[PDB]
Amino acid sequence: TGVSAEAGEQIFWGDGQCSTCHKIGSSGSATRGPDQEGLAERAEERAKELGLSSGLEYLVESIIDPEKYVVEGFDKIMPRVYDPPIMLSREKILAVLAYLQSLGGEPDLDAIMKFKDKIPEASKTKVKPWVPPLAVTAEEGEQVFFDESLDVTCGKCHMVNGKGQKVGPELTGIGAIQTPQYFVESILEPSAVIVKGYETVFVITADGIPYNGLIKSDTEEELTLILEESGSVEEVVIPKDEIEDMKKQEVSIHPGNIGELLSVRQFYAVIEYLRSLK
């Protein structure tokens, strides 16, 4: 569809997967990444802070090396979209850059095209095939994911296509977006990346009672938390008028001991299941 902001808009909201994490003002509802309304002017400010040549250069860097600068208040969750699974082509990345410049600015197509030689070509990805060390399948991993007889049951906290229970985020579609490495880290190192909105808070009430958990809901009169202990979860409803302090902690309720609770087979099967969630 060429290199035009119009093409880029279709890709951002489509096969680039950008809108699965980013909203633009009142368009979209995704929150895993920052709202991109006003991004073109923000990029000019980022480039100044970072000693880059232009806002455009910051936008390019943000796609080609997402980890190089991490927006405050977010973790290293954005994938390299020119690598698997997304495998977004170079022409589509150039188009998306034109779209990003249109978010409060003016696309500069000649300037974008000069960055072509810095954008990796998806077909030339250097990522190696994911090969688990024993034979596992996605269907086997689905069984593990929902198995309530294990010492961890992913489905107690994550929904897929209407199955499971919501504590952490819904995982439907994540295999179209994320890498097996991100799945490994998410399972075994849960606090390395905290999905936005799923932070643990530490609350203290006026009566001196502590509660540490994630926020399920937050109304004008009640804060509902989900607490976790030994893989089980529990709700508590705290009257807002009784809250003395609340602080976000960079820690996850996803358990930290899954490497002790899943066999090698179960673990690699679950990864294959996650990859399959297109």
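From 1 onward, residues are counted along the sequence shown.
S.K.: If you average the Cα B factors in the entry, which is higher, 236-244 or 27-35?
M.R.: So the stretch with the higher mean C-alpha B-factor is 236-244.
S.K.: Per the record, averaged over C-alpha atoms, which has the higher B-factor: 173-181 or 101-109?
M.R.: Going by the record's values, the stretch with the higher mean is 101-109.
S.K.: According to the deposited entry, which of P133, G155, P79, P84 has the largest Cα B-factor?
M.R.: Comparing C-alpha B-factors across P133, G155, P79, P84, the top value belongs to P133.
S.K.: Between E142, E189, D75, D207, let me know which has the highest C-alpha B-factor in the entry?
M.R.: Answer for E142, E189, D75, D207: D207, with the highest C-alpha B-factor.
S.K.: State the tercile, meaning the lowest, middle or highest third, of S62 with respect to the CA B-factors recorded for its chain.
M.R.: Lowest third, going by the recorded CA B-factors of the chain.
S.K.: Comparing against every modelled residue in the chain, figure out the third that the C-alpha B-factor of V167 lands in (lowest, middle or highest).
M.R.: As the PDB entry reports it, the C-alpha B-factor of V167 lands in the middle third of its chain.
S.K.: Once the chain's modelled residues are ordered by C-alpha B factor and cut into thirds, is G213 in the lowest, middle or highest one?
M.R.: It belongs to the lowest third of the chain when residues are ordered by C-alpha B-factor.
S.K.: Based on the deposited C-alpha B factors for this chain, I'd like to know if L50 is in the lowest, middle or highest third.
M.R.: Highest third of the chain for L50's C-alpha B-factor.
S.K.: What third of its chain, lowest, middle or highest, does the C-alpha temperature factor of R90 fall into?
M.R.: CA B-factor rank for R90: middle third.
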